[PDB]
Protein chains: 2
Amino acid sequence: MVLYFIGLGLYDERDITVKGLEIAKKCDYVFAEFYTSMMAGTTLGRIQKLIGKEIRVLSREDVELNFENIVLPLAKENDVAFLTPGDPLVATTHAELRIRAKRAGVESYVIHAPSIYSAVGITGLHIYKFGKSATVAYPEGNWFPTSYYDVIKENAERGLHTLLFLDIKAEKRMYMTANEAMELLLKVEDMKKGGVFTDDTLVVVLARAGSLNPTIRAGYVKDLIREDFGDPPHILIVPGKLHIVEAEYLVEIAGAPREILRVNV
Amino acid sequence: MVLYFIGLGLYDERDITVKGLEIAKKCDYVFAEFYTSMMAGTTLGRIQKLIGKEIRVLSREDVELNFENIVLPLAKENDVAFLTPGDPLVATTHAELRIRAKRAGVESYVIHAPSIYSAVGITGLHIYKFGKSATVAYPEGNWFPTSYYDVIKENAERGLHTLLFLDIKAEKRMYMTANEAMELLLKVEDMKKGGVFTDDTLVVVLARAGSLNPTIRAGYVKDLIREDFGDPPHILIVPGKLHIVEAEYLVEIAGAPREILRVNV
Ligand SMILES: Nc1ncnc2c1ncn2[C@@H]1O[C@H](CSCC[C@H](N)C(=O)O)[C@@H](O)[C@H]1O
């Protein structure tokens with residue numbers, strides 16, 4: 001009669017909360033999805049060993065089209081767990097799954113976990129200064145989406161930071177790098193000439209948030225464009241005007257050039 | 001030797017990540033602060049029990065004025081952990097403490113935990129649609145804070161949702177309720193008259209996020225201002241232009257007036 005949405009956290013199998021682990025361990029069945037994002041620091045095998053339950057992976061279609069036929073049925077007479085990377089419900093489509101639960105006479109509870117949305121605080125940028133968020137999607141064929149460019153412009157205009165999720169291909173397990181995202185943004189700038197993203201733009205890169213050794217780098221595009229930030233996942237951020245405290249953190253902790261103390265404050 | 005910033009999560013001792021727990025258990029000294037936020041589901045005793053160590057609680061002054069005198073000295077010869085509610089570097093000024101660690105020659109690492117910043121995903125509102133965040137501070141003396149009102153205005157004009165952290169006076173055990181936050185906003189509205197927050201404004205209240213049965217309510221200010229949302233902590237959210245799937249969730253899960261389903265495109 002109970003369905004539990006449990007977050008797995010940021011990077012590896014230990015990023016689940018103690019609450020999520022204990023509850024998952026006592027569930028009769030455990031489902032999981034890895035299409036909204038992936039856990040680069042671990043494997044399905046390692047997660048299974050930690051939980052002590054077999055985990056049935058579900059595809060985007062399994063969830064969006066058949067959540068009520070694959071998961072909810074067992075949720076009727078058993079305790080079921082649905083694992084997702086990060087914090088449950090951050091992915092836009094997940095929220096409505098709770099309505100499906102209600103429609104089927106099934107109770108649902110949410111067990112939170114660290115999300116990259118809040119983990120970016122490790123960059124030293126004030127969380128309240130983050131505006132609208134966006135995703136840099138890979139251009140494919142004749143399709144060249146650039147809405148994420150406008151989000152940066154509107155946020156920056158108001159002195160707000162812009163969090164950019166990088167496109168993933170759960171398919172080939174392909175991760176878009178910050179380097180690729182920057183190249184894309186330079187192309188869009190050249191296309192829209194809005195003075196929103198150039199070689200002189202200050203940028204922050206956060207790689208492998210959640211691990212004990214994430215890469216936190218800050219600097220101008222011209223210098224970071226071809227820098228190696230390590231293995232995925234990569235997160236890109238375009239800061240708005242900085243508060244002195246933010247700049248000093250980026251310089252002392254993220255290796256930003258002293259120049260940002262007089263150019264971006 | 002090293003210093004660890006470890007988040008404890010949203011509500012109880014089990015909201016800490018497994019990573020944070022295994023690391024806390026192995027530290028020689030453990031410090032913590034409980035003034036930036038409040039965990040209404042546990043006690044210092046329960047936290048100490050789970051971690052198996054004595055926790056020295058620090059006040060705002062201990063941290064803000066003597067962090068490098070009380071904590072950092074031990075981090076040079078031992079493995080030290082500093083615990084905080086939610087995520088350690090979210091809606092706090094703890095990031096600056098990492099700079100103090102560097103200058104004292106102490107390597108620091110951050111262990112994230114579920115944060116209210118992302119937990120609001122449980123309200124059904126798309127996380128990417130949240131704009132700048134703000135805090136509703138208790139008016140003191142002849143000083144009446146009102147910046148948070150402008151934040152809502154600015155976000156709303158862009159169709160973005162606004163997350164309003166509510167004030168807290170830990171030493172005086174005062175936790176601002178959504179009702180008090182709504183009252184203050186109506187007053188600011190009377191003064192500025194920007195039509196930003198009125199009796200007809202739709203709002204969302206989230207109480208005790210992280211517990212298994214949080215209170216999630218949506219409705220007009222006139223109907224919610226005197227409603228009982230249970231014990232604190234509380235967060236207040238002023239939605240912007242709603243997507244149809246967001247409205248359905250507010251209605252189905254948060255008991256909002258069915259009329260909001262009729263979105264004005
Ligand atoms: N479980 C919870 N439910 C509702 N509001 C919460 C909450 N935890 C924190 N808050 C809100 O946030 C304020 C503290 S701000 C500090 C937040 C913390 N770093 C985090 O990551 O969550 C509180 O006064 C309250 O308004």
# chains A, B, ... in the order shown; residues from 1 in each chain; ligands from 1

call {"tool": "residues_near_ligand", "arguments": {"ligand": "ligand 1", "cutoff": "9 Å", "atoms": "only C-alpha atoms and all ligand atoms", "output": "MDAnalysis selection string"}}
result
(chainID A and resid 118) or (chainID B and resid 7 9:12 35:41 84:92 112:120 135:136 164:169 175:178 205:211 214 232:236)

call {"tool": "write_last_selection", "arguments": {"atoms": "C-alpha atoms", "output": "tab-separated table (two decimals), in the first residue's frame"}}
result
chain	number	residue	atom	x	y	z
A	118	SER	CA	21.76	22.93	-3.90
B	7	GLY	CA	25.15	18.49	6.35
B	9	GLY	CA	19.62	17.19	6.27
B	10	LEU	CA	16.09	18.57	6.56
B	11	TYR	CA	14.27	17.06	9.54
B	12	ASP	CA	15.87	14.26	11.60
B	35	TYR	CA	21.27	28.41	14.52
B	36	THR	CA	21.25	28.66	10.71
B	37	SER	CA	18.29	26.30	10.61
B	38	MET	CA	16.21	23.94	12.72
B	39	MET	CA	15.69	20.19	12.76
B	40	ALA	CA	12.29	19.60	14.32
B	41	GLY	CA	12.42	15.82	14.19
B	84	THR	CA	25.01	21.84	10.20
B	85	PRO	CA	21.30	21.41	9.41
B	86	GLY	CA	20.35	20.87	5.76
B	87	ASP	CA	23.24	21.47	3.37
B	88	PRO	CA	26.22	23.21	5.05
B	89	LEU	CA	26.80	25.82	2.32
B	90	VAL	CA	23.20	26.69	1.47
B	91	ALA	CA	21.64	29.96	2.64
B	92	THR	CA	24.49	30.39	5.12
B	112	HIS	CA	26.25	17.52	1.13
B	113	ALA	CA	22.85	16.69	2.61
B	114	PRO	CA	19.24	17.22	1.50
B	115	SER	CA	18.38	20.93	1.37
B	116	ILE	CA	15.12	22.86	1.55
B	117	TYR	CA	16.35	24.67	-1.56
B	118	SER	CA	15.72	21.51	-3.63
B	119	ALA	CA	13.20	19.84	-1.30
B	120	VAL	CA	10.61	22.38	-2.48
B	135	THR	CA	14.43	35.75	3.38
B	136	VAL	CA	11.51	37.23	5.31
B	164	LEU	CA	11.02	32.64	0.77
B	165	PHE	CA	13.19	31.36	3.60
B	166	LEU	CA	11.58	32.32	6.93
B	167	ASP	CA	13.45	34.06	9.75
B	168	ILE	CA	14.88	32.27	12.77
B	169	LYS	CA	16.15	33.35	16.19
B	175	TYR	CA	10.73	30.20	14.30
B	176	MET	CA	8.75	32.41	11.94
B	177	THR	CA	5.58	30.74	10.68
B	178	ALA	CA	4.11	31.08	7.19
B	205	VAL	CA	3.34	26.43	2.28
B	206	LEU	CA	5.72	23.58	3.04
B	207	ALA	CA	6.11	22.55	6.67
B	208	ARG	CA	8.63	20.15	8.17
B	209	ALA	CA	10.12	19.11	4.83
B	210	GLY	CA	12.01	15.86	5.25
B	211	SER	CA	9.53	14.28	7.65
B	214	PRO	CA	5.11	17.15	5.64
B	232	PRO	CA	7.89	24.77	12.30
B	233	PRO	CA	10.04	25.00	10.31
B	234	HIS	CA	7.96	26.53	7.52
B	235	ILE	CA	8.89	27.95	4.12
B	236	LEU	CA	6.66	30.15	2.03

call {"tool": "residues_around", "arguments": {"residues": "segment 140-148 of chain A", "least_positions_apart": "5", "cutoff": "9 Å", "atoms": "only C-alpha atoms", "output": "ChimeraX atom specification"}}
result
/A:133-135,153,164,185,188

call {"tool": "write_last_selection", "arguments": {"atoms": "C-alpha atoms", "output": "compact mmCIF listing (two decimals), in the first residue's frame"}}
result
# COMPACT_ATOMS: atom_id res chain seq x y z
CA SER A 133 17.95 27.39 -14.33
CA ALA A 134 18.48 25.86 -17.78
CA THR A 135 19.83 22.89 -19.71
CA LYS A 153 20.91 36.98 -20.37
CA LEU A 164 23.39 25.25 -16.44
CA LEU A 185 27.56 29.05 -26.06
CA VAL A 188 25.13 30.96 -30.04

call {"tool": "closest_residue", "arguments": {"among": "A:237, A:97, A:202, A:51", "to": "residue 121 of chain A", "atoms": "only C-alpha atoms"}}
result
A:237

call {"tool": "closest_residue", "arguments": {"among": "A:182, A:152, A:47, A:63", "to": "residue 240 of chain A", "atoms": "only C-alpha atoms"}}
result
A:152

call {"tool": "residues_around", "arguments": {"residues": "segment 17-23 of chain A", "least_positions_apart": "6", "cutoff": "7 Å", "atoms": "only C-alpha atoms", "output": "list in words"}}
result
residues 6, 51, 111 and 113 of chain A; 14, 15, 16, 17 and 18 of chain B

call {"tool": "closest_residue", "arguments": {"among": "B:32, B:2, B:216, B:265", "to": "residue 252 of chain B", "atoms": "only C-alpha atoms"}}
result
B:216

call {"tool": "residues_around", "arguments": {"residues": "segment 258-264 of chain B", "least_positions_apart": "2", "cutoff": "12 Å", "atoms": "only C-alpha atoms", "output": "list in words"}}
result
residues 200, 201, 202, 203, 218, 219, 220, 239, 240, 241, 242, 243, 244, 245, 246, 247, 248, 249, 250, 251, 252, 253, 254, 255 and 256 of chain B

call {"tool": "closest_residue", "arguments": {"among": "A:108, A:198, A:69, A:162", "to": "residue 213 of chain B", "atoms": "only C-alpha atoms"}}
result
A:108

call {"tool": "atom_distance", "arguments": {"atom1": "atom CA of residue 161 of chain A", "atom2": "atom CA of residue 129 of chain A"}}
result
5.8 Å

call {"tool": "atom_distance", "arguments": {"atom1": "atom CA of residue 94 of chain A", "atom2": "atom CA of residue 4 of chain A"}}
result
12.4 Å
